[PDB]
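Chemist: pasting an experimental structure with its sequence.
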Amino acid sequence: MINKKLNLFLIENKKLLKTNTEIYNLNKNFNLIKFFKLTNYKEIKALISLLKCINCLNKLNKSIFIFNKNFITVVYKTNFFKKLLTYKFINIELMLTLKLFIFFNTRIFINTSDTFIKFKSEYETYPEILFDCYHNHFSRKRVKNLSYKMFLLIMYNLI
Amino acid sequence: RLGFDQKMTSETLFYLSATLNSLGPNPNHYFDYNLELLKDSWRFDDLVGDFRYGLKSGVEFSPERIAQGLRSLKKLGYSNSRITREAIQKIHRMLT
Amino acid sequence: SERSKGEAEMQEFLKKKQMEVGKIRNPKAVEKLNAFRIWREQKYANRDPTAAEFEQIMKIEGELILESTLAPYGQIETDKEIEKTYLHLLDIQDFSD
Amino acid sequence: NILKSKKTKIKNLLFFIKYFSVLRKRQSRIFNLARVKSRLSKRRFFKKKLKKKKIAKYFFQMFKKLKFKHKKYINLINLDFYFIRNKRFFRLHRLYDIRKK
Amino acid sequence: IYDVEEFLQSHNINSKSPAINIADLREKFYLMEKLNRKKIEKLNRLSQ
Amino acid sequence: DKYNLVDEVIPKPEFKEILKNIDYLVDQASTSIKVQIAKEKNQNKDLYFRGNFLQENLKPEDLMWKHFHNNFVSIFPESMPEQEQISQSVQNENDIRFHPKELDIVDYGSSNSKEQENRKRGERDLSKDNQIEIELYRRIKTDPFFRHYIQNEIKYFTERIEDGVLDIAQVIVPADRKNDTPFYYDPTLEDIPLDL
Amino acid sequence: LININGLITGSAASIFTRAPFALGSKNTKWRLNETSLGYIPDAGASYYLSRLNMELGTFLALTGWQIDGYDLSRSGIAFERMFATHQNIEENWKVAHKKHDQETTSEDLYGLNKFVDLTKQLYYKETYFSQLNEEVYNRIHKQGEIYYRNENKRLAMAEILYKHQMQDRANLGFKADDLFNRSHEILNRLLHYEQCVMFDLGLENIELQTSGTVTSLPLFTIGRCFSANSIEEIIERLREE
Amino acid sequence: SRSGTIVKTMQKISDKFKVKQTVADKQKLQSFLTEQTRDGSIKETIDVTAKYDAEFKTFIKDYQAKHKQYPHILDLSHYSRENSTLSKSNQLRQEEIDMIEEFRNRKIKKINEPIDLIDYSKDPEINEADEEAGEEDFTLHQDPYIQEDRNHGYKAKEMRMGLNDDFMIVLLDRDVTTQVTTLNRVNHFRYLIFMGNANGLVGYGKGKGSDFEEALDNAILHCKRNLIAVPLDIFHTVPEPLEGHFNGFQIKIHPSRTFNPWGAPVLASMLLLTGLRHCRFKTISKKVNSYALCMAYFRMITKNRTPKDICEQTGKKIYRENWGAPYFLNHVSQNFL
Amino acid sequence: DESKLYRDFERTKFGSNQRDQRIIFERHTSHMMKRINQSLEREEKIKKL
Amino acid sequence: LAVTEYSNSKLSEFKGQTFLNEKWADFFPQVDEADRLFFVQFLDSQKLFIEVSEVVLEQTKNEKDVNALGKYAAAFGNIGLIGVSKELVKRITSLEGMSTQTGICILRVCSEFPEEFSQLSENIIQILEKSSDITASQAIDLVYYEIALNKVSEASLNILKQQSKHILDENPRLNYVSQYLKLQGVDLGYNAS
Amino acid sequence: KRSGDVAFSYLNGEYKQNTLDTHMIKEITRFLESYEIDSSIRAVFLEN
């Protein structure tokens, strides 16, 4: 019962007037990761920035496309619904995949397959969004782990 | 993974209910489920799946632990009609 | 309750999206679709599709989803009306008349 | 006219750069400039047609009738309105050879 | 020139009319923000 | 509207007053409507309606054309048929990609002797790839696994993210626990008959 | 940006804090000492002290109390973030403005939301009046249609005729040349300087983010006891506690 | 396999001591029973333990009578369909119609058999509209595109082709090469090219083919993909001098209030077809290589930084803006040409 | 628990459960078509006898 | 009892129909303002408690356990069945081994039929005044029915004052009490308010 | 001091306890007002 009489106490003694909320506001965006500048935290400077870029993009209902090693996952969003759609593929490099991109209005691309390295060289030309960490110059045992962390910080916000 | 246990189906329904009403009216569930998601979470349905299992003929679910079951679902806000029937019908069987 | 609501309302706003999945009208369309996946996988579990075979897959998914969102519709009952369907499928036509 | 802005001062320059930058190819083309100044003898007669244009492009959708059209429900969901490209710039690229010629 | 117009248009005001004594608007936007500050101070009197 | 007198003057639209006064609102219409709409046909047969729109308790503020983009499905929740146009197997005759397959004198023995024209047509007369989908559509409604895994599929895709973001927040690399998922039958470990 | 690195006592305290980005570092000591001298705080100090949430303004003008920088920012007198170090300012700074330009405008970002919003309202209008014919021609005009062979035609028309009466009412007062019907968007810079530029700087030199409350002072005692419109009542309610 | 048999035995032996042919303890066993017999807790112990092990079930199965053998659970749904009563045909009539209507609606859409309607090509666009009605009147870009078709779409359409403004292309050299083989010599015709707007857009390509006209068509493909954008302010383009040295070659720019094209008429265009209007240039080249014109012209412009950047990253200040009066300019406006 | 100072015993490798929860999904499909394909192949055997 | 509290709860369902038809729902856009009847979770119970009622009245013959009989009555009482409860309250004679719920779960019956049951009220109250293990709601309910019976004691009131100083309760039955008793010049701490 | 588009400003009146006499005030206006109109400068920083 307290939930009721608490909630009523608000609307009686509150009126959030929101004609000025059209303006950009980084309220509703915060940090969640511990940080303190040392040489071994240079990864985390990126990931904190990755949130801040993307929590701004929370409100978009735009479909998503993903590359995985032999699967593909797609999230066809609209104003009206949201659905997941999987597909197996032995060769994800096929030229067929421009047909999903049109049928479903994909506006954002992600990659998590270490082998699909012809990605940045191709889709960088097209105006849509990318997210890659493979052609960075480090060793590879790390670069897998970033391609997951990249994949997690994003999809925690878009969905 | 082991099977059916009278305690776990009961006391989980207790320990859950006692948490939420302890936090407060507008709690700060950060990574938790909310009320809206527990009722939807498949991890919650297995309780009701196992709780109805305890209301079968062949199984022995003690009646004292139906009390904790039914008094806690009141708190969480989950209401079937079957669990009323299948519980009442079972106490009609212990006596007969 | 208000000495913490800065951070929680961020995360809370994300959780509500999970419940903003579209409502349904026609659960049969969900059953048809779930049947289609299990056929979709078998025929192409060992190999990959072609292009034209791939449109046939994805386009069925796009059209059945609408029925999930769109109201159920009238449906046929009569045996004669049924047989015309098979004829419309099997490319047969009533020539004898 | 309106107040001036930093935009127009930029485009008051690009209007000046482009004419006066590139060397002209050939002298014989002078003969073909008069086609323009023929038209200025007639613009008052072709004045109405300007307004049939500049209504048709910008201020015609306001007044259009409701020509009923069948539209498939499938396509009406995936609707996204955006700009794509300008058509004045669909033209070829042109040569400029001054090492040899 | 634009964001001024684009602001007033959000409040269903005609930005392009010459009828405006600016100091009168500036009196109201002060008072709108004053009224929302009234309600807030009530809780700062009750929570007190 | 210009003087804010709608709600004062005009009463709000009600399904009742429409129904009591249909015929006034239809006089200027054609007649084919006015025949199908009549108190005689409809009361008989105990026909049905469902009020797909009325269930969606909308306000007129959700009908301004700007909000019309987020609510199109709600306005038109019902699906229309697809007109059988001239498109037909006959079109495949004059097409050029479609080369007609001539057949021989001998190809007639199997077509009719195997299946008589007197019998009705059934599922066995269809292709196998379609005959299987029916067999799937008739079984998945009963199978516990598929109905469970598919209801909950999106949720597994989210819980793995929320669990992962903790570890990115608590700088530890992400990682999976044991037995987070349910039990599902591993049918290989189970002894099933080779033949039912 | 202001780094209060030492003490302040008086008119200077009520002045420099009136900048949006005054920062109370560790070494601050913020007093108000006028009442020790029979004098009252001036320089518009009465303004902000009254706007505080829990009558701290009366606590401090009357009683000269030292407030560390943390408790200063959290209270609302100054900027919520707080200053850590004078170290590597210049380099982290330059990286920020390399990203964020001020030659941009609300024009360049939002000068085309108009024509998108307008094409919707006319495109969708075509769909509605066209989509209706598909409903009517299918549910009604046909003598037999398997999708609606069984339905009360007298009712389904009302469900349509109930709908159309509402898309009259709302869409009234709709002239497409209007601009009030659009999506209006602008851009604030100073707030954008707070939130989207200081990110490169809030890693080391200031706190990136706001956090915590005031506990060095018992607030709940202050609120009950320093509320009244007199003094002789205040000492009583203190003396009860 | 002598070393193998030794290992296999020792683990066979270890497994058998885990088996219990005997009792372990009696006080525990008796106390275990008295506790459970006290109130009837035995049945729970039998049911639960019997489920996740068969060995205890096999012992106790004999004491049970009246056994039942249901089907296996996975084969249960299939077992019900085969045993469909006459009443269940009522369902199967509906479930037969629900799919036929689907397969019917497919054959209307021509989705029944496979089909190709989408163009999934990545063939770029190259040199179109050679003669199409000349020009049109200049209009504004206010009429967007609508996705009326789930088949058509503008995905996979590059920006470098999608760029609005229009370019010239500039010749620098054509050459011929030879590759020697056992039987024959082969000529790979070559061509090179340059292109850029006056507003800081620029690029270079390298053509290669079996005809001059083909290396042309190839080189343009490379340039448009090889485009870059230069930092540039239309006001006071060049703040500082620059130097770019490729082998045996060096370009030097110094700023000038006016433009001084004295030198290579090429570079006078190239400098202008970036926008560097405020400059004088120079060349230090004993003998020329046309691959050094480019490669030194692109170490140079990219060292250019706008004044506002130079004010950020260094303490210098080149100009300063002022919404100021004309009286302090003698009523003449600064023409920045 | 004192044997290691920097490693946790509950957690395991990332991306494991995707596999195991996926392989199961395949194995039902393999099983489900046996019971199906047989049901049709009965006819071609017994309709001919 | 737990079933009653689970069925008397006014809560919409996770799925399905709250009300016995879609028909009755049009009156009830809100839920907690509705009544017991139209909920499905209630009427389906009464089918079964009735069927159980015959089954219990047979076994409960010749019983002497207090703690069962009082608890049966409260269950049938909370549903809308007193005539079943009356019999079980008439059968008990001994008062041994109480739980304090059992005393209070009876006083609904003695309060609704005071002219029949008077000795039990006197007997049970003297027992509860001596018991230490009492919850605050049980003490609020105690004083609540003493008012209906006009059998109020300083002993009963003093228990509350020893038991409600430090916290309040979620029992609805305070506002009647803390407002009524002030007519008698009685006062309780802030936690009564 | 200038470092980029910044003005690291400082105060050095310590014998006088950085008091706000007339001469102190007329400089901080002389500085800050000068830094506004510098379009090249984009922020400042003050400190003792």
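Modeler: All right, it came through fine. Numbers count the residues shown, from 1 in each chain, chains lettered A, B, ... in the order given.

Chemist: what's the helix or strand for residue 45?
Modeler: I'll assume chain A. Following DSSP states H and E, the helix or strand that holds residue A:45 is helix A:42-55.

Chemist: sorry, I should have been clearer: chain I.
Modeler: Element membership of residue I:45 [criterion: DSSP H and E] is helix I:16-46.

Chemist: so is the longest helix seen in chain G next to chain F?
Modeler: Counting residues, the longest helix in chain G under DSSP state H turns out to be helix G:113-136. Yes. Helix G:113-136 comes into contact with chain F (C-beta under 8 Å from any C-beta of the partner chain), by way of G:117, G:120, G:121, G:124, G:125, G:127, G:128, G:131, G:134, G:135, G:136. C-beta: built from backbone N, CA, C; applies to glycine.

Chemist: so where do the strands sit in the stretch 101-250 of chain H?
Modeler: H:168-171, H:179-180, H:185-186, H:189-195, H:201-209, H:228-229, H:242-246, H:249-254 (DSSP state E, counting those that start in this stretch).

Chemist: tabulate the ones you listed (TSV), appending distance to residue H:304 and mean neighbour count.
Modeler: Shown next, in TSV, are the strands of the stretch 101-250 of chain H (distance: least, C-beta to C-beta, whole Å; neighbours: other C-beta atoms under 10 Å in any protein chain shown):
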stretch	distance to residue H:304	mean neighbour count
strand H:168-171	20	19
strand H:179-180	40	8
strand H:185-186	42	10
strand H:189-195	18	22
strand H:201-209	11	20
strand H:228-229	12	12
strand H:242-246	7	17
strand H:249-254	9	19
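
Chemist: nearest to residue A:150, of these?
Modeler: strand H:228-229 (26.9 Å; C-beta to C-beta).

Chemist: report the distance from stretch H:147-163 to the chain centre.
Modeler: Relative to its chain's centre, stretch H:147-163 lies at 15 Å (C-alpha atoms, centre = their mean, to the nearest Å).

Chemist: quick one: buried residues of it?
Modeler: Judged by neighbour count (16 or more other C-beta atoms under 10 Å in any protein chain shown), stretch H:147-163 contains these buried residues: H:147, H:150, H:153, H:155, H:156, H:157, H:158, H:162, H:163.

Chemist: among the residues you listed, which pair sits farthest apart?
Modeler: H:150 and H:163 (27.5 Å).

Chemist: CA atoms of the longest helix of chain G as CSV?
Modeler: In CSV, the C-alpha atoms belonging to helix G:113-136 read as follows (Å, rounded to 0.1, in the frame of the first residue of the first chain):
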residue,chain,number,x,y,z
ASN,G,113,14.4,17.6,-39.3
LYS,G,114,11.6,19.9,-40.8
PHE,G,115,11.3,18.4,-44.3
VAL,G,116,11.5,14.8,-42.9
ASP,G,117,8.7,15.5,-40.4
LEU,G,118,6.5,17.1,-43.1
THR,G,119,6.9,14.2,-45.7
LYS,G,120,5.6,11.9,-43.0
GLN,G,121,2.4,13.7,-42.3
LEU,G,122,1.5,13.8,-46.0
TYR,G,123,2.7,10.3,-46.8
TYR,G,124,0.8,8.7,-43.9
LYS,G,125,-2.3,10.7,-44.8
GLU,G,126,-2.4,9.0,-48.2
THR,G,127,-2.1,5.7,-46.5
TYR,G,128,-5.0,6.2,-44.1
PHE,G,129,-7.6,7.1,-46.7
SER,G,130,-6.2,4.5,-49.1
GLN,G,131,-6.0,1.8,-46.4
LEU,G,132,-9.7,2.4,-45.5
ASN,G,133,-10.9,1.4,-49.0
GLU,G,134,-9.1,-1.9,-48.6
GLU,G,135,-11.0,-2.4,-45.3
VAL,G,136,-14.4,-1.4,-46.7
